[PDB]
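Enquirer: Sharing an experimental structure here, sequence included.
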Amino acid sequence: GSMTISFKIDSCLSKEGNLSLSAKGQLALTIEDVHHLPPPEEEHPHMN
Amino acid sequence: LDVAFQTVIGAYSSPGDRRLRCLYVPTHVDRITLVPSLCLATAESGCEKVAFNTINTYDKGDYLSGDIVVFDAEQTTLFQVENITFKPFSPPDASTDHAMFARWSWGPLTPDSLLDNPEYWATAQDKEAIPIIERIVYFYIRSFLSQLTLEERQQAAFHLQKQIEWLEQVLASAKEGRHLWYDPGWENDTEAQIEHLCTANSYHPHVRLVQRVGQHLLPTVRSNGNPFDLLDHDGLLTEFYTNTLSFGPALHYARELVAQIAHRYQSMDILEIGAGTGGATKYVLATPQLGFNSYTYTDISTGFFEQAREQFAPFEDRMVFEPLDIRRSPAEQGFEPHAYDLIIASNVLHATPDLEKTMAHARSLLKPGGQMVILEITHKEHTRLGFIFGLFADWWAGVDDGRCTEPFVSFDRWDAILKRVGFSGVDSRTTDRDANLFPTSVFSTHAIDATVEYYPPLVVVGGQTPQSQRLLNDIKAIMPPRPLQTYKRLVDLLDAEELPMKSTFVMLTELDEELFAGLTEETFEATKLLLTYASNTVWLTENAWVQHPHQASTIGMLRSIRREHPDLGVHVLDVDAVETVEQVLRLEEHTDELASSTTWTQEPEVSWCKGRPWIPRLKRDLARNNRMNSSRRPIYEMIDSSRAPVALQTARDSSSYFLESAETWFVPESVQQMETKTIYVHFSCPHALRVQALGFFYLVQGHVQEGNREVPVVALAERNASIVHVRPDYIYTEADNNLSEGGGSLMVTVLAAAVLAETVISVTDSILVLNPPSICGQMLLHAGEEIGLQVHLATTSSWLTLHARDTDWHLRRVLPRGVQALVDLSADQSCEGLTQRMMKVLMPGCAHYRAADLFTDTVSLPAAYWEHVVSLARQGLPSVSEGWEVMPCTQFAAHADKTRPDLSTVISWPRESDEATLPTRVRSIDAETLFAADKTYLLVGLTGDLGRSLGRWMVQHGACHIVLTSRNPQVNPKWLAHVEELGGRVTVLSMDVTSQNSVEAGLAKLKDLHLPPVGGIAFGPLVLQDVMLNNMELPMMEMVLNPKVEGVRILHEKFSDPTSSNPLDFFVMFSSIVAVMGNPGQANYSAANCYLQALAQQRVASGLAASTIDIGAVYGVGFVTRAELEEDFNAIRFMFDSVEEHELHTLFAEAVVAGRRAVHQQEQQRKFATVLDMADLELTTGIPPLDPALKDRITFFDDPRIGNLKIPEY
Amino acid sequence: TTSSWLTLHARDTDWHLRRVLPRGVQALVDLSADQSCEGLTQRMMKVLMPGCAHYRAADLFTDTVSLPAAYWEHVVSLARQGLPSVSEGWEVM
Ligand SMILES: NC(=O)c1ccc[n+]([C@@H]2O[C@H](COP(=O)([O-])OP(=O)(O)OC[C@H]3O[C@@H](n4cnc5c(N)ncnc54)[C@H](OP(=O)(O)O)[C@@H]3O)[C@@H](O)[C@H]2O)c1
């Protein structure tokens, strides 16, 4: 029930330029064959 | 999602606070987690409007780190973000720095008449060298004089005086002129004697230059070549100008004089003529800060302008390069007449026979009252500089006056000539009492036009006190012919029926009963009447900032009045001792001197201290600004690590090590950590070593000054640095030379690692160690023998010579199967795969320890421990030499790497100031705990969002007990729980500081709450009535002052005992920048803030910690944020700068540190007996970079007190 | 727990762990049957005491194997305290 994916968003700003990395990372997916996150923290009492 | 990211920035920076001084874009995210089902459900359901929460985890400034949580209306988290590292689009250069901090840099109201500094006197070496060269010549100087002048005529006439334009006479006359010095029995041997003298310091640059010129002047003796280009274009000429303590101290006094002038006069359009190489320019601009609006680098020739541009690039924006021939009219050369407030003559007036006309040209360029700084010759002495000065090409031009060259004019004849050319005489001069300063003695002269007067009626109020009576009599006797009105007190003025509207008031009421101590008796209305009839005003106070805070309240009231009534010229004079005359009359005369186009600064306020006048200037305190910005960028400051704590901190990314300022800033808690010893580290281990479950501690070897003994010691330090403060338990105090320099620390480090490894594991009967340090192996074997444990050594290079990438089957074949624990000490991390394969072949469940589990770059005992460590080390000392791996801290920081921890490496911390004075990456003032856990910190008046933020910051910085006090604390108990989660017990006292009884009840309730004694107070109660004083009413004054004034008085009287068992670590009183510049309609507030400042200053003078912060508009939190006045205050952005919530915390921390430093220096016999000694206690803040383009909108730009904060325009 | 107990949650922010987790902890024991909590454990290592000992479920429970008499006495003495926590056939297959 997991899937680790290494992703890289390569970018090139012009047709004359080379393809360069713009973003990269990993993706860890909890998947099914077809409350997952912590409940949000209680709102801070004082807030301007 | 980008909006969610913007939430992090919003948390980091409030709207209008300008905390986000640079554009941050995301560059790394530790984790983004999204629940696609919930996001799709929200998208399809149409309830796009969703809630969010975000934590700005890291906000120092280098890169923001945010943790975001976006949830639906039902609080079902749609997605979250963890450590979304926002980083600047481009590195945060100094242009993005925040210059909020400022200090009251005090200086003389006029430049000192005599610049006699013992630090700049001719040293013994120079004072012997000059008489030594005299000894060569002094015998027959009387006969020499004329011949020496003849030789000095090499440029114009000496080549004909004896037909010395021809080869024979040239060769004869060169050596004859040198013998004019060497004749008395020394002669040619003087050639070698000169070198012998040059072998020592203070002899080389001068007499070596003499020797060099004496061996090549033959072509110049006949006037056929450049006098100095023959000397390799320079051999020592610049060194002679700078290094020699005859040409040097003149430049030092020039720097001092220019500093004084640029302090009293700021935004000056300066112009140095004859700079050449710019040595004088270098020295004068070496001042930490000076109020030069512009600096015209000028010389007769433009050949030096490239060198000036390269040397003075930092001041290039301030500096403009324009050639000028003072022998020629400046107007013909493109310069604007009377456009410069200051002109500097860098030893150039001697190079013109038109001295009078050149000085007239300088006057033409100078504005009325401008200062001409003259570095020039005077009071000639033949036996000291003659034959070497005589060579130059144009310096002799000037002999037309009848004396040698352009005459060595005496200061009296300098005064005569200077007056003849349109100036106010030589009122300042450099000391030339004995010698070595005549050749370059400096003088300052004012441009005499609309000169200081030294008619409208003069009104005197006060005179009740006997000293006030004496001063009134002195005013009467010294006042010029003017209409005069006199009143005993201000009530008498209130009873007055005829008061001129053009009155020039001289108020001595503060020397008598003060206004802000007796406002009840219609004194406020009398002050209103005064302002109504006051067009000019002078006020006198007796040590207000140190003895009489009420007089300081009056000073602040006048400070605000000068803003409310700009047409009303006001001066205030605070005197430490009134008995110590004649200066109040001159200030009163000045008040009528409303010169707008003249350089004369209007002197808004003055202080007579130590029998001398002083004027303050709010110069950016670059120390505190650098500390604040170090949180945001790598601020580097030259710090002496040998005498200041400098830790070789590891970078946040753990990419490299850098030297960081480790100054703890006087944390007073040393009883729980009993007798925290100070260690001056000579050698230390870069990596922190783990101990027996106690934690990671670096190994440091150094000296401890036990009754001045440099006792060698080896200790475990949490803050590896040049200087450490460590508990005695973690110290080995033996001075055994076997623990030799460098090597001893190496062995102790290795043995600490080995002992840790053996102790944590032992339970086991046999273990394995992978790639241990070369020294380590034998030590580990010794420890195993001493603890009865079979330790196996594995290395990737007896030892088991394994290899990285070895097959698991090979490991099974070779590795013993009795191992129960594995310890990987491999500095190279490539052996991680080998370790993993070991885990598959070793005993299942085998304990695994990595190098990170014993060695780390971040840290954040039984007496027998170090005894065992040293006993083990003494077994294996011979394994290596002492200096097996020794590198200086600078080399380690520049070249060492965290990812490759070179175990068994040792840092050689420099000890000499020359070796230790290094560029250290400054540390934020709040980067380390500043507060003790056994004391209560009382935030008086701090219960709004500002107070809550300050309290939470305090607890984050070691404040385990905080008390918030206010007349109506509306604090959520949930916030109290939140701060308690941070580790500090916070309570609301509901204490009305306005009443003594209420304060006493609250302080007794503290004991009822069992809280520790109050170790610090943050006094910031506030009430505002924005109305001008004339339209103000006494009840408003009472409402504004009583909270402030009465609260400070009550709290001081409560803690007015420096001998008490619980002296306050600090007494921070929250002042507004209006207390330093005023504001329209806040006279009461400014007076109260000045009362706070004066009370803090006198409390420090009393031996009690205290400080004041002159805060700007706090957009982040507090009055501006809670009143929703961001637009209104940003409309005056150019007037008051923003002070962010966390910047406010930084300012408070800096004020606390300043107070503690002042107290400790007082323990070091710092008197703090006057205002000058307490420039740091008033942490001026909130003044933005003053743009002249906005000078019209700025209602206080004309104030010279802020001169150094004015942006240059030309 | 990722479900007194500290009801943590997998994928919790390290800042939250700092806020809630006690700072006096010197050792961490991860018995999570579900291995998704490995990230939570890693984040714990960044907030707990540096050098904190770390034990995983594999360090206590394993599917491959390849004493003082008082040990079982202590085991049963402890078990007799908490027997009522569940029924006999809580999970029998
Ligand atoms: N213009 C500036 O330079 C500037 C800007 C902001 C702050 N500051 C300084 O920072 C400190 C805190 O200011 P702030 O931001 O928190 O302003 P604020 O938001 O208006 O809070 C000040 C509060 O102190 C309360 N207070 C508490 N005990 C009091 C008493 N005994 N008498 C009268 N009022 C009392 C006032 O009434 P309540 O109890 O009902 O709240 C007032 O609301 C002040 O000392 C101020 O000088 C200066």
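Expert: Everything's here; your move. Numbers count the residues shown, from 1 in each chain, chains lettered A, B, ... in the order given.
Enquirer: what residues does chain A put near chain C?
Expert: For chain A, the contact set with chain C under Cβ under 8 Å from any Cβ of the partner chain comprises A:2, A:28, A:30, A:37-39, A:41. Yep, even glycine has a C-beta here, placed from its N, CA and C like the rest.
Enquirer: what do you get for the stretch 101-250 of chain B?
Expert: Counting by Cβ under 8 Å from any Cβ, no residue of the stretch 101-250 of chain B sits close to chain C.
Enquirer: and the residue of the stretch 101-250 of chain B nearest the ligand?
Expert: Residue nearest to the ligand within the stretch 101-250 of chain B: residue B:102 (13.5 Å; Cβ to the nearest ligand atom).
Enquirer: Write a ChimeraX command that selects only the buried members of the residues of chain A next to chain C.
Expert: For the buried members of the residues of chain A next to chain C, the matching ChimeraX selection, counting by 16 or more other Cβ atoms under 10 Å in any protein chain shown, is:
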select /A:37,38,41
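Enquirer: returning to what we had before: list phi and psi for the residue nearest to the residue of the stretch 101-250 of chain B closest to the ligand when sequence neighbours are not counted.
Expert: Nearest residue to residue B:102 in three dimensions, chain neighbours excluded: residue B:1180, at 3.7 Å (Cβ to Cβ, 6 or more residues apart in numbering or on different chains). Per-residue torsions, residue B:1180: phi -60, psi 130 (degrees, to the nearest 10).
Enquirer: residue contacts, residue B:1180?
Expert: Contacts for residue B:1180 were tallied using Cβ atoms under 8 Å, 6 or more residues apart in numbering or on different chains; they are B:101-104, B:618, B:621, B:1073, B:1076, B:1110.
Enquirer: Mind listing the residues bridging to it?
Expert: Per DSSP bridges, the residues bridged to residue B:1180 are residue B:102, residue B:1110.
Enquirer: and it, how far is that from residue B:1147?
Expert: Residue B:1180 sits 10 Å away from residue B:1147, going by Cβ to Cβ, to the nearest Å.
Enquirer: picking that back up, let me see the contact set for the residue of the stretch 101-250 of chain B closest to the ligand.
Expert: Residue B:102 touches B:618-621, B:1179-1181, B:1183, B:1205, counting by Cβ under 8 Å, 6+ apart.
Enquirer: Equivalent analysis for residue B:394, please.
Expert: Residue B:394 neighbours (Cβ under 8 Å, 6+ apart): B:155, B:351-352.
Enquirer: run the last query once more with 10 Å
Expert: B:155, B:227, B:300, B:327, B:348, B:350-353, B:405-406 (Cβ atoms under 10 Å, 6 or more residues apart in numbering or on different chains).
Enquirer: can you check residue B:714 too?
Expert: The contact partners of residue B:714, by Cβ under 10 Å, 6+ apart, come to B:679, B:683-684, B:699-702, B:730-734, B:736, B:739, B:744-745, B:747-749, B:752, B:866, B:869-870, B:873.
Enquirer: Out of the residues you listed, which sit inside helices?
Expert: Among those, the members found in helices (DSSP state H) are B:744-745, B:747-749, B:752, B:866, B:869-870, B:873.
Enquirer: Now render the residues you listed as JSON lines, adding distance to chain A.
Expert: Shown next, in JSON lines, are these (distance: Cβ to the nearest Cβ, whole Å):
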{"residue": "B:744", "distance to chain A": "47"}
{"residue": "B:745", "distance to chain A": "42"}
{"residue": "B:747", "distance to chain A": "44"}
{"residue": "B:748", "distance to chain A": "43"}
{"residue": "B:749", "distance to chain A": "37"}
{"residue": "B:752", "distance to chain A": "38"}
{"residue": "B:866", "distance to chain A": "46"}
{"residue": "B:869", "distance to chain A": "43"}
{"residue": "B:870", "distance to chain A": "48"}
{"residue": "B:873", "distance to chain A": "46"}
